[PDB]
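One chain comes next, on its own, written as structure tokens: the form deposited in one PDB entry.
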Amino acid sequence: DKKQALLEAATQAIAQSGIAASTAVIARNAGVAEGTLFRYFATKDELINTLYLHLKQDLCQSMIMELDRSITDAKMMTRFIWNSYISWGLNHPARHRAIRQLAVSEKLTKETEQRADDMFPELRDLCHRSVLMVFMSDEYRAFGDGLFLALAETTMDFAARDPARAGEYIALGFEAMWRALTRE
């Protein structure tokens, strides 16, 4: 049961300090010895990769469970998914900060990236139809993700601070993201 405590602790630490977060802090907060952290995860980077797959799985599971097959318009379907990402981040502030920091950390392996894209094949294919070509490229994909996550985190933040207008920020946010990242 310690693995899960380590994951949850590293989720909290990274959400607060990014990938600079200390393994000693993560281990202690999970109620285990740093030496024990390292027996579950031979390297810090190994912890980073597993954590990312774990969080990505969670987020994906949540978007799949809200996915309405009746929606048939492509942009409308992209909006309902943005909404899900957003309410997911609203329900789990730490998980989203962590995921945002992990996703753009350059410490994710090729196989990790692959194994993550192949979790929700149809959601992956959807996004990829609308996304600007350069944001699909091996050189700039990582940056397109970065742009998407900065936009969703700001939307999350404004929604959380002033909930009376949450749905307005989420909607304005989606419309900003859609013009920024998608093709004509």
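So that there is no doubt, residue numbering starts at 1 and follows the sequence shown.
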Identify the stretch, either 87-95 or 68-76, whose C-alpha atoms have the larger mean B-factor according to the entry.
68-76
Taking only the CA atoms, which stretch has the higher mean B-factor in the record, 78-86 or 106-114?
106-114
Checking the entry, which one of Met136, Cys127, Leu55, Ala150 has the top C-alpha B factor?
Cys127
From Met156, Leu51, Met63, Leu123, pick the one with the largest CA B-factor in the entry?
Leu123
Compare the C-alpha B factor of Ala164 with those of the other modelled residues in its chain, then answer lowest, middle or highest third.
highest
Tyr40: CA temperature factor from the record, placed by chain third, in the highest
Within this chain's modelled residues, let me know which third the CA B factor of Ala33 belongs to: lowest, middle or highest.
highest
Sorting by Cα B-factor within the chain, modelled residues only, which third would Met119 end up in: lowest, middle or highest?
highest
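Same protein, other form: the form deposited in another entry, not shown, and the subject of what follows.
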Split the chain into its two rigid parts between this form and the one not shown and indicate if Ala152 and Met77 go to the same one.
yes
